[PDB]
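Taking the form deposited in one PDB entry, here's one chain by itself in structure tokens.
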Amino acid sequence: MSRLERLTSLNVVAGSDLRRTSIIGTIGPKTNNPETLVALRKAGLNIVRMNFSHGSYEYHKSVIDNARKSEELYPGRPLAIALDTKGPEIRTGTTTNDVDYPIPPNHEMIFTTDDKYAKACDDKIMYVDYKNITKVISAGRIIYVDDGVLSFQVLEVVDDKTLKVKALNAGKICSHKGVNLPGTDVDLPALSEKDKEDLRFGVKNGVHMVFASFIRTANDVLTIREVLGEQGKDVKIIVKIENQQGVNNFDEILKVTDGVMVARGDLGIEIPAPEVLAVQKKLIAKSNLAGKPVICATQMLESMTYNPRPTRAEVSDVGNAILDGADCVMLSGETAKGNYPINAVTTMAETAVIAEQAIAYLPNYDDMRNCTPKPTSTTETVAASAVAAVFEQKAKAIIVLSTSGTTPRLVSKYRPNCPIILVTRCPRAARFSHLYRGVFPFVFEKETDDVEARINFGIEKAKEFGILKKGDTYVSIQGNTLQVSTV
């Protein structure tokens, strides 16, 4: 309980413990190649993310077999591919004479959705590819343009394709940039006709996850669940919370989803910037309770794109997201468009280890069990129980055999302060298990009087990582028993 004595004792300096939080990294043209993909994975990259906001399936299919290629050149930790939906966003039209950039000072103008002005639009009018904004929008609303650099107080609603508006601030109007609707119930499908194809393209191409952008409600999840199809039942749906509709509803959404990602980016544009701080820790905490894998993402080491050294805020943000309960850390343009991607993963990583040597494992564990123990599913009771075991005997590991990634995810929920060695035969679960914090998957084959072998796989596999020293003390899990033998 001595938070103050926990704090006053932080005893810094990254020690012997292996990083437990998986590092998600977006890939750009630069980073798309085995050699780099390797220096990246070696440095700490766990999962790879492909933003389907740009790029042809050629542009992407490339990335995959390249990662698959890095796996060939040197397997190391199993890597995971993940599709990131180009959700229902808003791209304004193009400026007439190409790159012409008229400059509104704080004047009145007019946005329209006619396409007649698509390629030919600027200063006087503006195109927006969301044919319905006129319905979902209302005079008084404030539209934002290009990373919310521009504001537009909705003055009126002309026609039903026309919108009288006024620049609330300066800047020059450019072409094709994202439009943000702060405080407007968008009816856009979380998934579009193309998105249905990108998913289907991913499923086919065997990507393990999906980060559905701009999720507003549970149905949206249910929808992307079936669109994924029977062949994609085994793939994870990582809801992306980046708007009010997605927060003023998170709870019912958290229910049906597999995971959740604090899509900081738009979220920070969508709602007030300062609000995030609380709207972040709140969703991670809520996630933790639900037991589902959460991910913090965007601008963590943003500056580490043009620079080799990250800032104070960035470092002291990577660590915090972990203290708040994040299961994974992301990297967007620091890997898909930056000069120092190797250092990126390398700084994130280094910070995660110091950020885990500060956690209050015992008390945090208790708090988590004092929430809805009544109950508790048998796998979760054994989950919590095993965790307690190590806290007592000071166990070093906690080998658990699985296929659904259920048993190791639950233990994860109970955040042990020792490696969670998951021995599995299913290759798929071993890849998407980097979603749950602290889980070190390994794939075992051949084929309950045989599980001792699998347990010897994880033990020896643990030994190679220097996690067990023999005559140590580990806890196993399987059918639902619970072991606690020695090395």
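In this text, residue numbers run from 1 along the sequence as written. For the two forms, the rigid core is made up of the largest set of C-alpha atoms that agree within 1.5 Å on superposition.
One more form of this protein, deposited in another entry, exists but is not displayed; see below.
Core-based superposition between the shown form and the other one shows that, of 325, 171, 182, 78, only 171 has its Cα displaced by 2 Å or more.
Remark: with the core as the superposition reference, the CA shift of residue 278 between the shown form and the other one stays below 2 Å. Fitting the two forms on the rigid core leaves the C-alpha of residue 127 displaced by at least 2 angstroms between the shown form and the other one. Superposition of the core reveals a Cα shift of less than 2 Å for residue 88 between the shown form and the other one.
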